[PDB]
Every structure is written in structure tokens, then in C-alpha cells.
């Protein structure tokens, strides 16, 4: 039981460097930088020294448990080139906390969160010219942790690989504006269950999503609204946390989001939005159950203001419609500004690009 250390980094620079992309023509998660971080683990010898080396294919035994039994987890965070040309990470300690917690739940080996964050800092530093020269683009950082056990028994792995990829990305939507989405709400598909891994960023949570999203697209919708339970609770939207801004049953202005009862991924963006809403103290902030009946009752009383997803790749993604029980239900998000969604995006973007000082950002090592 132990950790790799950043002071042990072995750095092998690429001798052929790739052209950087146009920061205005960027598709999320498609372009990769020159270098990656890799760290090997075995039960026999523990953590090997960490390597920063050229981006390359992984060489994996075909029996590797990541390939058979989804022994795998990941993270997602961003580096931003500030208005002052200082590169900043955003809330990276929250990602290290979540990745450590996911590793325990996956039965992958633990590591020192500060050692991994310093290894990520050194990788971004080497590839810093990849952090785009744009106030609407960023560098996506993908820490990934896989079982590489070369045996077909279903068991805790005795071999693993932790690696980090970098990808320059633009706005999630090419327009760089709000592209409000239609949601497909079919209770036939359930993303997560009590006693499952839905509250960890484990790869096994995401395999089911593709089929339901393909069905959404066949029915003229862009994303899945994940429903849970006999009362059709609204939980998450695609790969994003779900917020509802409304007048509640008590006549109170409220920002509501489902609570962390085991079927909700505790998003870093979700945490930030709840912290902002509590700080502003302008309306009620509630982690509470929201059902489709709660929503349709509110819509018929003109009580709904905004619905939006939260997540790293999109930040704030408004919802305009839900298809449920054969009816298209309009959500008036875009007819209400969307004032709160816009205020949140502006605040987070100002912090990310260093337009205001914050404890939420760390300058590049």
C-alpha cells in the first residue's frame, strides 16, 4: 500500500510535435496533445515511477479486466488560459477526491491525491501551448484508471494502469451559444439503482446510455431524461446533473436538484452551482426529489422558470422540451432569459479565465 511520487517523474519529450488545432473549429474530446502521463501498478511491487511520454497506443494483455469486466474509472477537468495569459486549473482537488473514492469502490489501488495532481500539473505544463488561445476554449484533462489483470476470473485486479490524456476543446456546441435540447423520458431505461455505483465515475455506469440515447434521437430528441422509481423521479439528463428553477409547491422561488441518495453523480459543476446559490442567498436552494408529476403540475400553474444540465464539457446546458407518455411538454427556459443559467455561466467563466480571483482556481505549476 503506497503511491507514485511526482518527484520521481520520468519525462520523455516527443521529437515530432503535432500542429495545434484552430480553437474555433474544435469538437469535444477528438484532438489529443503531444504527451500523456502513465503509471503502472502491481500487487507484488506497488506503484512504478510515473512517466510523461509521447501520446501512444496502450499495449494491453487481451485478458485485461478493463476489457471484460469494466474494471475502470475516469475523471474530467479543465485548464483555462486566463485573460492575464496565466493557465489555471478549476476545482482540481474535488476531481482527485472523487477519483480516489471511485478507485476504492472499483477495488483499484489507492494513490496520493497531491502526487497525482502534481503529475497532472507537470503534464499540462509540458503541453501548455495546447491550452487554447481563446476565451471560449480550454484544455480537457482525462485521468483514467484501468484494471490490466490478465486473467478471466472476476476478482480484484493485481495489475493496473493510471493514465492522463489532454484534449483541446471549444464550447460543447459549435455555435458557442445555448443550444437548448429536447429530452426523451422513457421509464423503461434506468441509469442507476440504490446499492449500485451511480454515485462514482466508474465506466460501467455509461455502457447503457448509448442505446437509450439512440432511441431518443429516433424520436426527435437529443438527450435522455433518466427516470427512477414508481413515481418517475427526474435524476440526470444525459451525462449531466439536472437543475430546476421554479416557484415550489409552497409559493417560494427555489433552485432544486435531486439529492445524493446513491443514484446521482456528485458533479463538480453541481457542487459549484449549489455553493453559488447558497452564497447569493436570493432564493431557496433545495436538494430534493422531483417527479414528472411535480414538473407537469408546476408547468400547468406557470411555476417553472428554467431547467438545465450541469457538467464540465457543457457547464450549463438548457432544456426546452421533454417527450413523455407520447406528449411534447414545453419547458419555458429560453422564454425566461434564461436569466439564472446565464448568470451561472458568466460567473463560472469569469472564475475559470481569471477575470476574478477565486479559491476554485490554481495557477499552473
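For the two forms, the rigid core is made up of the largest set of C-alpha atoms that agree within 1.5 Å on superposition. Numbering follows the first chain given and starts at 1.
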Query raised in the report: Line up the rigid core: which moves more in 7 other deposited structures of this protein, 112-120 or 209-217, by C-alpha RMS?
Result: 209-217
Report summary line: With the rigid core as the fit reference, the stretch showing the greater C-alpha departure in 7 other deposited structures of this protein, 198-206 or 219-227, is 219-227
Report task. Look at the other compared PDB entries that model both sides of residue 281, then say whether a third or more of them leave it out. Result -> no
Report task. Could you tell me whether residue 176 lacks coordinates in at least a third of the other compared entries whose models cover its neighbours on both sides? Result -> yes
Query raised in the report: Got a sec? Mean C-alpha B-factor, which is higher, 175-183 or 144-152?
Result: 175-183
**Report entry** Stretch exceeding the other in mean C-alpha B-factor - 204-212, 72-80
**Finding:** 204-212
Requested in this report: Could you check 291, 219, 241, 102 and tell me which one carries the biggest Cα B-factor in the deposited entry?
Outcome: 219
Requested in this report: Choose from 126, 227, 295, 255 the residue with the greatest Cα B-factor as stated in the PDB record.
Outcome: 126
Query - Ranked against its chain, the third holding the CA B-factor of residue 122 - result: highest
Report task. Grab the CA temperature factor for residue 251 from the record and place it in the lowest, middle or highest third of its chain. Result -> highest
Query raised in the report: Ranked by Cα temperature factor within the chain, is residue 47 in the lowest third, the middle third or the highest third?
Result: middle
Query raised in the report: By the record's CA B-factor, is residue 281 among the lowest, middle or highest third of residues in the chain?
Result: highest
Query raised in the report: Which third of the chain holds residue 133 when residues are ordered by C-alpha B factor: lowest, middle or highest?
Result: highest
